[PDB]
Each structure stands twice: as C-alpha cells, then as structure tokens.
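For the record, the sequence lines run as chains A, C, D and B.
1 is the number of the first residue of the first sequence in the entry's author numbering; add one for each residue after it.
1 is the number of the first residue of the second sequence in the entry's author numbering; add one for each residue after it.
1 is the number of the first residue of the third sequence in the entry's author numbering; add one for each residue after it.
1 is the number of the first residue of the fourth sequence in the entry's author numbering; add one for each residue after it.
By construction, the Cβ of each residue, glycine as well, lies at the ideal position given by its N, Cα and C atoms.
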Amino acid sequence: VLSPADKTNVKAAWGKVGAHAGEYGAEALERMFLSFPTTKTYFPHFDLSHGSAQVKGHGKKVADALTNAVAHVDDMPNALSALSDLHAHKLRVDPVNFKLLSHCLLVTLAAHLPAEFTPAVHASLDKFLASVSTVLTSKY
Amino acid sequence: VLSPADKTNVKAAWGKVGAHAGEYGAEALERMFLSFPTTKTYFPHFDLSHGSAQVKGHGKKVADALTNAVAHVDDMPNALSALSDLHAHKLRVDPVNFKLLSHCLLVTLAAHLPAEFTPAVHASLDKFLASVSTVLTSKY
Amino acid sequence: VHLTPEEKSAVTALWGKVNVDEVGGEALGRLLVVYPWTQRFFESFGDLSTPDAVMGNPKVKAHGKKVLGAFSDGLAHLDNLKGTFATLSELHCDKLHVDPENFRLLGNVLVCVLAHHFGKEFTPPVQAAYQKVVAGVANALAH
Amino acid sequence: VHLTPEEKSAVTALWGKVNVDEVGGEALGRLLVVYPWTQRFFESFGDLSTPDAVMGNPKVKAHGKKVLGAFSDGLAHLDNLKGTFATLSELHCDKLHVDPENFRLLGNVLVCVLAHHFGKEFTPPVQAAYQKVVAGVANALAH
Ligand code: HEM
Ligand code: HEM
Ligand code: HEM
Ligand code: HEM
C-alpha cells in the first residue's frame with residue numbers, strides 16, 4: 001500500500017525521467033538479461049544481443065506501461081488488467097523475475113539520475129515498482 | 001488481489017471454523033515457535049511453553065483479528081489499520097515471519113478440517129492470508 | 001539435517017503410514033493449483049486449468065510418485081542430502097531453470113498434505129522435524 | 001565465486017575508486033530507509049525516524065564503514081568466501097537472528113549505491129559481476 005508522500009515522489013521522479021523512458025527500459029532489460037540469465041528463458045524468440053532493435057522495442061513498451069501506471073497509480077489493478085492477464089494467465093512469469101526487473105530498473109534510474117535518486121525517492125520507487133509487480137503477478 | 005471465488009471460499013471456510021478459532025490460533029502460534037524458533041525473539045516477555053495461558057490468549061486475539069479480516073475482506077487496509085501501525089511501525093516485523101505464520105495457520109487448518117481443506121479452498125486461504133500479511137506489513 | 005533421536009523416530013513412523021501414490025500426486029497437484037506459475041514447467045502434462053483437472057491427471061500422479069520417491073531416498077540419507085540430491089539439483093538448475101523458492105513452496109505444500117492426511121497425529125514437534133527435513137531437501141536441491 | 005578475468009579486472013578497478021567512508025554509510029542508511037523493518041536490529045543507533053536522520057547518523061556511518069570493510073575482505077578472498085565469513089555468519093545467525101533475505105537486500109542496495117556513485121562507468125557487465133560477488137557474500141553469510 002502506498003502513501004500520498006511516496007506517490008507524489010514517484011510521480012515527480014518519473015516526470016523528471018521524461019522522454020528517456022525507452023532507452024532506460026531497454027537498458028533495464030539488458031541489465032536483467034546480463035545479470036540474471038535465467039530470465040532469458042522467457043524470451044526465446046528474441047535477439048538478446050547488445051543494441052538489439054527487438055530489445056529496444058520491448059524496453060519502449062515496458063517504459064510506456066510504467067508511464068501509464070504512474071499516471072494511474074491510484075487504481076493500478078484495473079488500469080493494468082490486460083498486462084496482468086498476459087503475465088499471469090498466458091506467460092506465467094515467476095514473481096522472482098518481477099523482483100529482479102524492479103531491481104534492475106532501480107539500478108538504471110540510479111545510474112542515469114544521480115540528483116533525482118535521493119534515499120526517499122529510492123524508497124518511493126522501490127515500493128511503486130513492488131506495487132506494479134504485485135498487480136502484474138496477481139491472477140484475478 | 002482476490003477474486004469473488006476465493007473470497008466466497010475463504011468466507012465459507014472461516015465460517016465453518018467458527019468457534020474453534022481461539023484453539024486454532026493458539027496451535028498455530030505453538031507450531032510456528034517450535035518449527036521456526038527465530039520468531040520467538042518477537043515475544044521475549046511471553047511464556048512459550050505448551051498450554052501457556054499467554055499463548056492461548058494471543059492466539060485468541062490473532063483469531064479474532066482474522067475473523068474481522070474475513071468480515072472485511074474488501075476493505076482490509078482500512079479495516080486492519082490499528083494492526084498495520086502496530087506491527088509495521090512499532091514491532092517492525094519481518095514479512096518472512098508473516099509468511100511463516102500463514103503457513104502454520106494453513107497446516108493447523110489442514111490438520112483440523114480434512115474435509116474442508118480441498119485444493120481450491122487451500123489456494124483461497126493461501127491468497128487470503130497473503131492479503132492479510134500484505135495489509136499488516138504496509139505503512140500509511 | 002540435524003535431528004534428535006526422538007525426532008528421527010517420529011519422522012520414520014509417520015513416513016511408514018504414508019501412501020506414496022496419493023501423497024506425492026496430491027502434493028504436486030496442490031503446488032500446481034495454489035502456485036499457478038509452476039504450470040509453465042508442467043505444460044507437457046496436459047489439461048491443468050481447473051483444480052479438478054490438475055488433481056485428476058495421471059501424469060501429475062506419476063510425477064508426484066517420482067517426487068515422493070526422491071523424498072524417501074532423501075530421508076534414507078538424511079546426513080548426506082547434498083550428495084543424494086546432486087543429480088536432481090543439476091537437472092533442475094542447468095536444464096529446467098527452476099527457481100529455488102519453488103522447492104521451498106513444494107516442501108511447504110508437502111507438509112500441508114501430511115498434516116491433512118494425518119490429522120491430530122501431526123503434532124507440532126512432528127511438524128518441526130518435517131519442516132527441517134523439507135528445508136534440508138530444498139537446500140540440497142538448490143545447491 | 002567464479003569470475004572471468006575481465007570481470008575480475010573490472011570489479012577490482014571499480015572497487016579501487018570506491019570511497020569507503022561514504023559508500024558504507026550510504027548503503028546502510030538506504031537499507032534502513034527503504035526496508036524500515038531492518039531498524040529493529042539498529043534501534044540502538046539513536047534517531048532513525050526520517051531519512052535525513054538515518055543518513056546523517058555517525059553510528060550508521062561507522063557501521064557502514066565496518067560493513068564495507070567486511071565486503072572488501074570478502075572481495076579479496078573470492079575463492080574462500082565461506083571460510084572468510086564464518087565468524088560473521090555465526091554472529092548474524094546465532095546472536096542477532098538476521099534473516100538471510102536481509103543480506104540479499106543489503107547487497108542489492110549496495111549495488112544501487114555503486115551505480116549511483118559511478119554513473120555511466122557502471123556498465124551492465126560490471127553490474128553482473130558485482131551482482132554475483134554480492135550473491136556469494138550473501139550465501140556465505142547465510143551458511
Ligand atoms: C515489472 C514490470 C513489467 C512491465 C511494466 C511489463 C510490461 C510489458 C509490456 C508492455 C509488454 C508488451 C506486451 C505486448 O506488446 O503485447 C510485455 C510483454 C512481455 N513481458 Fe513484461 N513487464 C514487466 C515485467 C516482466 C518480467 C520481469 C518478465 C520476465 C522476466 C516479463 C515477461 C514478458 C514477456 C515474455 C513478454 C512477451 C514479449 C513478446 O512476446 O514480445 N515481463 N510486458
Ligand atoms: C496474519 C498474521 C497476524 C495477525 C492477524 C496478527 C494479529 C495480532 C493481534 C490481534 C495482536 C494483538 C494486539 C494487541 O493485543 O494490542 C497482535 C500483536 C502482536 N503481534 Fe501479531 N499478528 C500476525 C502476525 C504476527 C507475526 C508473524 C508476529 C511475529 C513473528 C507478530 C508479532 C506480534 C507481537 C510481538 C505482538 C504484541 C503482543 C503483545 O504485546 O502482547 N504478529 N498481532
Ligand atoms: C523438494 C523438491 C523437489 C523434488 C525432491 C523433486 C524431484 C524430482 C524428481 C525425482 C524428478 C524426476 C527426474 C527424473 O525422473 O529423471 C523431477 C523432475 C522434474 N521436476 Fe522436480 N522436484 C522438486 C521440485 C520441483 C519444483 C518445485 C518444480 C517446478 C515448479 C519441479 C520441476 C520439475 C520438472 C519440470 C521435472 C521434469 C518433469 C518431466 O520431465 O516430465 N521440481 N523432480
Ligand atoms: C550482507 C552483508 C553484510 C555484511 C558484509 C555485514 C558485516 C558486518 C560486520 C563486519 C559486522 C561487525 C560489526 C562489529 O564487529 O562491530 C556486523 C554486525 C552487525 N550486522 Fe551485519 N553485515 C551484513 C548484513 C547485515 C544486515 C542485512 C543486517 C540487518 C538487517 C545486519 C545486522 C548487523 C548488526 C545488528 C550488527 C551488530 C551492530 C552492533 O552491534 O552495533 N548485517 N555486520
């Protein structure tokens with residue numbers, strides 16, 4: 001459950017992330033694939049090399065999903081219904097992988113926004129990504 | 001996130017539990033302390049032997065909280081706010097302990113209600129206890 | 001796994017009354033039902049949509065028999081769990097990529113199945129002994 | 001922990017530039033802030049209510065210095081991590097009762113702190129190498 005303060009912090013942090021969302025998401029996916037190779041088993045039709053256009057496109061989709069989740073933070077379960085069904089009913093992704101991707105997103109945000117990534121902002125983004133992962137992993 | 005189906009299953013299962021809630025909670029607390037003695041560090045002022053009056057009373061309190069949570073499944077964060085501020089703010093309980101207590105409650109319910117503990121009911125109760133633990137481990 | 005003589009005697013006596021064909025299959029079916037992401041691994045087995053289809057699967061029953069046979073082999077070598085579960089650990093990590101948390105989940109489901117099948121005879125000390133044995137099997141498999 | 005020569009050289013080169021006095025305190029304070037239940041083990045450090053009070057705590061800074069010293073000692077003995085962290089594992093398991101998940105959380109926070117301090121110099125390969133070293137320290141401590 002999120003408070004108002006960390007919700008405002010997450011909104012401000014993502015608003016300052018802005019237009020670099022596609023590159024940030026592609027880098028987060030690359031970091032997850034490189035440091036957690038077991039997650040590569042969920043992408044058998046992909047070209048998981050560095051600088052791949054397919055990985056860049058998937059990162060763009062992931063970033064757009066995170067952006068609309070930021071825009072609809074108060075009502076996540078029904079704003080992410082399509083993604084939650086694809087992740088849970090079709091893909092059946094282990095929530096450990098969601099934790100791994102959240103950690104890699106945090107690492108990417110830390111590496112690309114030093115001034116933005118304060119300890120409070122870190123906590124707010126951690127629990128925002130935790131809420132997103134819980135919504136996507138829930139089966140309902 | 002819970003569906004209507006597991007909400008109905010949980011409500012029926014706990015209504016059938018009924019008046020044995022105090023004994024079931026006392027047994028769940030006893031099972032957890034013996035199975036995972038690390039959880040005993042949260043109760044340094046208790047008498048943690050078998051048949052202890054303090055343990056039986058705390059089991060009664062836990063069972064009453066669970067019954068109230070069953071009665072208020074759709075507004076759990078606003079129903080268990082006092083307990084949320086107790087464990088997260090002051091006790092600072094690790095959510096691993098919540099997972100262990102949920103598992104011990106499931107074991108107690110399985111050992112006391114064979115006919116009631118069908119595989120669907122097991123999934124419903126698991127998700128309900130996970131929701132309760134998530135509510136109690138959050139900060140507002 | 002370090003156990004007292006009383007704990008080992010209690011574990012062995014409960015195991016003798018265990019019906020392998022039912023217990024292994026029921027534990028695997030409850031794993032697949034309670035934790036649906038585990039069906040990614042078991043997609044080959046067949047229809048696994050409803051709980052009735054998961055519990056009424058001959059492939060699930062046979063695989064549960066295999067899993068409980070491995071559990072019995074681990075019980076017979078409780079002081080050599082790491083060496084007993086080396087081939088299975090390699091199989092699950094290198095070829096199947098099973099996350100180690102899933103072994104813990106399956107062990108907990110097996111403990112719940114034992115409690116369900118043995119009722120009041122599944123005392124808290126017996127549960128503690130079995131929790132430790134299940135943790136040792138899971139740690140040996142995750143190595 | 002098995003590392004490639006490139007990973008070992010990159011890890012050593014990046015750890016050579018790490019400011020211990022600030023990085024240890026940063027990692028400990030961020031752990032206490034992001035995961036507030038960890039303050040149960042550090043309630044004796046004084047004021048830990050707000051993030052500004054956690055990050056500006058001399059006791060937190062000194063303990064983070066000790067934690068980074070332990071991490072460097074482990075990084076110097078990557079092939080003997082289990083034997084290097086025997087006393088620390090005993091201390092954390094028997095006297096302090098710290099759950100093993102907390103070590104993984106602290107390692108992830110340390111990796112995030114390193115990324116924050118080094119920016120673009122913290123490439124995904126360097127992050128992967130540091131992830132495996134952090135996992136090895138956590139598994140050595142959980143033993
Ligand atoms: C944590 C936040 C996540 C978000 C916001 C997210 C979002 C998305 C989006 C927007 C798509 C595109 C769906 C489409 O284009 O139809 C997608 C697909 C997919 N996601 Fe995620 N995802 C997340 C986590 C994960 C993780 C951790 C994994 C696996 C380790 C994963 C596995 C997949 C797979 C396999 C696809 C299919 C892609 C394809 O078939 O091309 N997702 N996700
Ligand atoms: C579903 C899970 C849980 C529920 C519903 C629950 C419920 C409760 C209730 C009703 C109380 C009584 C509050 C009062 O008397 O003022 C309480 C207190 C307490 N709980 Fe929990 N609890 C849960 C899990 C846990 C776990 C897993 C731990 C520790 C391992 C824990 C630690 C405590 C402590 C230390 C107290 C204080 C008792 C006292 O001061 O006498 N709780 N909880
Ligand atoms: C203590 C935990 C476990 C034990 C003792 C165990 C034991 C076994 C055994 C004995 C086999 C048969 C291997 C063979 O015949 O060559 C097997 C295979 C397998 N295991 Fe496990 N297992 C455990 C946990 C899990 C979990 C939790 C999953 C998935 C979530 C899993 C997935 C599989 C799969 C997919 C196979 C191969 C099935 C097939 O080839 O048809 N295992 N395991
Ligand atoms: C994961 C890597 C970790 C490393 C390398 C590490 C290192 C150390 C070291 C070297 C000490 C000795 C301090 C002294 O002798 O004065 C220590 C003590 C301690 N550690 Fe850790 N630690 C780790 C994780 C954790 C975590 C995650 C927690 C809590 C959530 C924790 C809780 C403590 C506590 C409470 C002390 C005693 C502090 C005191 O008594 O003032 N440790 N640790």
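Using CA atoms only, rank isn't needed, just tell me which of the options is closest to residue i.
{"i": "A13(D)", "options": "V67(D), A76(D) and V33(D)", "result": "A76(D)"}
{"i": "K61(A)", "options": "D94(A), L29(A) and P77(A)", "result": "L29(A)"}
{"i": "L125(C)", "options": "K8(D), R30(D) and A10(D)", "result": "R30(D)"}
{"i": "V60(B)", "options": "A70(B), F122(B), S89(B) and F42(B)", "result": "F42(B)"}
{"i": "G22(A)", "options": "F128(A), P114(A), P95(A) and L109(A)", "result": "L109(A)"}
{"i": "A63(C)", "options": "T39(C), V96(C), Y24(C) and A79(C)", "result": "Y24(C)"}
{"i": "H116(D)", "options": "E7(D), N19(D) and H2(D)", "result": "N19(D)"}
{"i": "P77(C)", "options": "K139(C), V107(C), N9(C) and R31(C)", "result": "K139(C)"}
{"i": "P58(B)", "options": "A70(B), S72(B) and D21(B)", "result": "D21(B)"}
{"i": "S81(A)", "options": "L113(A), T134(A) and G18(A)", "result": "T134(A)"}
{"i": "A135(D)", "options": "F122(D), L106(D) and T123(D)", "result": "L106(D)"}
{"i": "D94(C)", "options": "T38(C), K11(C), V10(C) and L2(C)", "result": "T38(C)"}
{"i": "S49(D)", "options": "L106(A), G51(A) and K90(A)", "result": "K90(A)"}
{"i": "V132(A)", "options": "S49(A), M32(A) and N97(A)", "result": "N97(A)"}
{"i": "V111(B)", "options": "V1(B), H92(B), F71(B) and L81(B)", "result": "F71(B)"}
{"i": "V1(D)", "options": "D47(D), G56(D), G69(D) and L81(D)", "result": "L81(D)"}
Measure the C-alpha to C-alpha separation of residue i and residue j and round it to an integer number of angstroms.
{"i": "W37(D)", "j": "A88(A)", "result": "7 Å"}
{"i": "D94(D)", "j": "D47(A)", "result": "21 Å"}
{"i": "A13(C)", "j": "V121(C)", "result": "7 Å"}
{"i": "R92(C)", "j": "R40(B)", "result": "6 Å"}
{"i": "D79(B)", "j": "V137(B)", "result": "11 Å"}
{"i": "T87(D)", "j": "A53(D)", "result": "31 Å"}
{"i": "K40(A)", "j": "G15(C)", "result": "45 Å"}
{"i": "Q131(B)", "j": "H20(A)", "result": "25 Å"}
{"i": "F36(C)", "j": "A128(D)", "result": "8 Å"}
{"i": "residue 144(D)", "j": "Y35(D)", "result": "Here chain D comprises residues numbered 1 to 143, so residue 144(D) is not present and cannot be evaluated."}
{"i": "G74(B)", "j": "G83(B)", "result": "10 Å"}
{"i": "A111(C)", "j": "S89(B)", "result": "36 Å"}
{"i": "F45(B)", "j": "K120(B)", "result": "34 Å"}
{"i": "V67(B)", "j": "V10(C)", "result": "45 Å"}
{"i": "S9(B)", "j": "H103(A)", "result": "24 Å"}
{"i": "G18(C)", "j": "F122(D)", "result": "22 Å"}
{"i": "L113(A)", "j": "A130(A)", "result": "20 Å"}
{"i": "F43(A)", "j": "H58(A)", "result": "11 Å"}
{"i": "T4(D)", "j": "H45(C)", "result": "28 Å"}
Which chain D residues are close to residue i, counting only those with a beta carbon under 7 Å from its beta carbon?
{"i": "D94(A)", "result": "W37 and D99"}
{"i": "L106(C)", "result": "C112"}
Cβ closer than 8 Å: which chain D residues qualify as neighbours of residue i?
{"i": "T38(A)", "result": "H97 and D99"}
{"i": "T41(A)", "result": "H97"}
{"i": "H58(C)", "result": "Ordered by position in chain D, no residue passes the 8 Å Cβ test against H58(C), which lies about 16 Å from the chain."}
Determine the chain A residues that contact residue i at a beta-carbon separation under 7 Å, and present them in chain order.
{"i": "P125(B)", "result": "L34"}
{"i": "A138(B)", "result": "Those do not exist, as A138(B) stays about 14 Å from chain A at its closest Cβ, beyond 7 Å."}
Residue j and residue i - do their beta-carbons sit closer together than 7 Å?
{"i": "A140(B)", "j": "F85(B)", "result": "yes"}
{"i": "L136(A)", "j": "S84(A)", "result": "yes"}
{"i": "residue 158(C)", "j": "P51(D)", "result": "Shown here, chain C extends from 1 to 140; a query on residue 158(C) therefore has no answer."}
{"i": "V55(C)", "j": "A26(C)", "result": "yes"}
{"i": "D6(C)", "j": "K99(C)", "result": "no"}
{"i": "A27(D)", "j": "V109(D)", "result": "yes"}
{"i": "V126(B)", "j": "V23(B)", "result": "no"}
{"i": "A123(C)", "j": "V11(D)", "result": "no"}
{"i": "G16(B)", "j": "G64(B)", "result": "no"}
{"i": "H72(A)", "j": "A65(A)", "result": "no"}
{"i": "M32(C)", "j": "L106(C)", "result": "no"}
Run through chain C and tell me which residues come within less than 8 Å of residue i, C-beta to C-beta.
{"i": "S3(A)", "result": "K139 and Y140"}
Who are the neighbours of residue i on chain C, taking C-beta pairs under 7 Å?
{"i": "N108(D)", "result": "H103"}
What residues of chain D sit near residue i, judged by a beta carbon separation below 9 Å?
{"i": "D47(C)", "result": "Result: empty, since nearest Cβ-Cβ is about 16 Å, beyond 9 Å."}
Could you work out which residues of chain B lie near residue i, taking near to mean beta carbons separated by less than 7 Å?
{"i": "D126(A)", "result": "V34"}
Interface residues of chain B around residue i at Cβ under 8 Å?
{"i": "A111(A)", "result": "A115, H116, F118, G119, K120 and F122"}
How about residue i: is its Cβ closer than 6 Å to a heavy atom in ligand 6?
{"i": "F117(C)", "result": "Of the ligands one can find in the structure shown, namely ligand 1, ligand 2, ligand 3 and ligand 4, none is ligand 6."}
Give, in chain order, every residue of the segment 81 to 101 of chain B whose Cβ lies closer than 8 Å to some Cβ of chain C. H97, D99 and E101
Could you name the residues of the segment 63 to 89 of chain A whose beta carbon sits closer than 9 Å to any beta carbon of chain B, in the order they occur along the chain? none
Which residues of the segment 18 to 48 of chain D have a Cβ closer than 7 Å to any Cβ of chain A? Give them in chain order. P36, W37, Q39 and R40
What are the residues in the segment 48 to 67 of chain D lying within 8 Å of chain C by C-beta distance? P51, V54 and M55
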